[PDB]
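First come two forms of one protein chain, each written alone as structure tokens, so that there is a structure 1 and a structure 2.
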Structure 1
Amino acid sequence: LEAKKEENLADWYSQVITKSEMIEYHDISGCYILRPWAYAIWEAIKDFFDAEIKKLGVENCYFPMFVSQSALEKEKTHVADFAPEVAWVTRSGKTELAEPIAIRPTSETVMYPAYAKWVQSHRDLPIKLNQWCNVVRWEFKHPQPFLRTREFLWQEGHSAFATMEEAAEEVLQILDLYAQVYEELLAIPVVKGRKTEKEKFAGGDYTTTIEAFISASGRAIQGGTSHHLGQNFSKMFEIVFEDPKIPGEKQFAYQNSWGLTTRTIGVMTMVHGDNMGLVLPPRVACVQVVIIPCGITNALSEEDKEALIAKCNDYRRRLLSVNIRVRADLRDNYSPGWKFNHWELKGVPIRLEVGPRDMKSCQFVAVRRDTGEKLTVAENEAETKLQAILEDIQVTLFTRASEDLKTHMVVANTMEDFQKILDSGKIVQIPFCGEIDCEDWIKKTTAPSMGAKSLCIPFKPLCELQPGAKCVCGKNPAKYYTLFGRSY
């Protein structure tokens, strides 16, 4: 690793994600290879989220990757938003197809004709379905690995309810699960909010979101999203059922959709990584502990070296007995300093050093990757202390990022205050009228050199909006404190 994270964030990021062997570049731009080191993180997130939504009654399934032209168009706001980046398959071989078919940018228009077929009565609701699949949004803007890509992996959940209340309840349950993914799995603090009218999902009624802050770049990013679509899709696809209390009254299903993508890993990189490379939260780390033999003096007896390799394997089995994911790196090819650096780059939480003296002093050394602190631990305590230390790394990482967010998110009540705070690389909760025209005016007059976008309306703002407060536009009364910033 050669570029410094605070000097050039993009070069740093690219260096870190490739040299940790998370990402390989592919010869089609905006498409990247998820190598096992990153895919294992996606799999940990999947293990957690899948079990949680199972408890909520959601079931997994798989819908086709192709959308017909007429299905894609039924909900005009939604297709108006997505149409410019829909990839169209037009031949197979040199044989033109009968009709162009589109690759799913999002599966509402794939799934909801099916929903309409399956909802025949109030007993068929609710329908709670989820799929883990890939989608394509073929924008021409510059792509960025993990954060903004042309193909990405994700989950998308789609549910249909008889009543608005059960649907509004699910929206928030899911959004809290996303917050749990970011905060408990990835040790990333997030702000829960609602999108403004301009930023909400096209076709939906309201969008709830979690926002993360990346202090290196001073910019925020959406980490997850949970929409209430209301009846805007069920009216276009005729997902209908007869009202049970009133005969012949056809009702339209109330719908939500919600998605979470591999953006998660990029945020985890941008937030925790440092100038030695990746830093993996223990809860998602592929390897949690790497055992590395040191000493190896060359005047060591064959008896001594064989006994040290033995002791390393004793540690390995020890840690496996208590469910710690542990790799012993007993390769004679590379030097110990080499391996130290190699596993630091990948961000293994703990490096476990065993050397001939500590080996017979009944102890070993643990090195935390987050703080760099070396600890000497007696053999006896290993699995206990190591687990206590993995816990402490998780906490420590979360805490640091929280201190970042608390320091870098502040209130401002006028446009001048706002502009200067924003220009110090912070995000700002300002009083806002909610109007698209004023949001555009903000983005215009506030131009790391782009105008601020609205990021969300927090469920729990920093200040209480005082009666009669006017927006930053000055022309209209303010409706809510809203988090604004520069954005990925």
Structure 2
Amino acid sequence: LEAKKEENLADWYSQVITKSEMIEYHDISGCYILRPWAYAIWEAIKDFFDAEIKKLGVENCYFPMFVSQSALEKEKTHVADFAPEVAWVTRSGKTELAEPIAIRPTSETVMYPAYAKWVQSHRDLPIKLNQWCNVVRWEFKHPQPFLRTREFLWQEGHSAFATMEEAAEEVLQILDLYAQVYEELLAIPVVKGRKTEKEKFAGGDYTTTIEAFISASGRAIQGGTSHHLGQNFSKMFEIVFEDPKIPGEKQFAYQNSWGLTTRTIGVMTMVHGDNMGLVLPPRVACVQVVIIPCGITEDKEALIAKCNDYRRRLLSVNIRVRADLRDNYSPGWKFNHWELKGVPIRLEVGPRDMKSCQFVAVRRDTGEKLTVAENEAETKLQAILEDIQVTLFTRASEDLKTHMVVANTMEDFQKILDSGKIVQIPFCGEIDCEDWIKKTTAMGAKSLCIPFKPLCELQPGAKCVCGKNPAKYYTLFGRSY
């Protein structure tokens, strides 16, 4: 690895995702190849998230990718902010189609016409559906793998309820699931809050989000969204049901939508990566422990059989293990090779170590070498793997606890912002006031989220940073990624 993280971060990120065999560059700008090393992280998120949403009653399905030109113009506010971001298919071959067809930037306009046919009574509720698919967002910003891409994989769960109470209860349920994915699988602490009126989902009531922080660039990034659509989309697609007790009364449905993309892997690379390469948390690592024979220079057949000893012993306790037993490369090459890929534990077996009933476990995060007896293999490695997961989170929590501050004035909010930090400021919550913030912070700082539990309680009567309107709440501000 030639680039450093504190110096050239952009070139460091490109070398890390490629040398770790996670990302391969295509030739259409905005598209990237998810190699099996990075795809195994996405499946680990799928098998965890799917097991949680199916407890809540959500069922997986799949909807068409194509949207007709008439279906996109059904919800006016939904097509406003999405019009410049949508890609249209106008012909197949050299034959122009009947009507231009769009690729889905989101499946709200595709499913809700079907929700209207399925919802006809109170018994046909609640509907809870989810799908793992791909979407196209034709944005004119600089693409970066995982983080910002035109095409990306995600999940989108759409749920219609008969009451606003049960709909509001699922919004916070899904948002806390997204928090578990970042904190308990990726070891990334995030801040849960609400979006402002300018950066909320178009055509919806309110948007909840989780904001992760990257100390290498001093920028924050949104990791997931969970919107409460209210009756906005159900009033335009005629998603109504009959009241169970009152005869003849028909009430509109209350709908929610929530999503989580593959930038979860990107934030993991940005938060835990170092100048030695990738760093995978043991919870999502494709290979947790790699076994490498050392000191090879004819008693070698026993050393290989002893590496196969640790390999099968770790498989029975259900620990993802890989045995690199290639004779083409030196043990020093394998050390560099698997450190770039982020394998949490390196299991070194030497000739004298084998005959001594001991081995060496090297931690990817700290580089510490711990000699472990042969009998304690399954139990000590299970303890170090759990310790690496927490260590990556505590160190990430320390960088988030110290880079998030409070500022009540504009110049002190401006000063701390240029020091690579995100700030919570008393904010009035107006669009015309937020545009001025991004105009004077310059690249300019945008709103991140209105945190549920802010760092400090807002003083009653305290004004906003603009000095003209009274402040409504503390809003986390900063530059986005």
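Residues that one form lacks are left out of the comparison. For clarity, a rigid core is taken as the largest C-alpha set superposing within 1.5 Å between two forms. All residue numbers here follow the sequence of structure 1, with the first residue given the number 1.
Measuring CA movement between structures 1 and 2 with the rigid core aligned, the set 244, 372, 100, 337 has one residue at 2 Å or more: 244.
Core fit done between structures 1 and 2; CA of residue 357 shifted by 0.6 Å. Once the core is aligned between structures 1 and 2, the alpha carbon position of residue 144 differs by 1.0 Å; this is the C-alpha shift at that site. Residues present in both forms were compared between structures 1 and 2 after fitting on the core; the only consecutive run of three or more with every C-alpha moved by 2 angstroms or more is 242-250.
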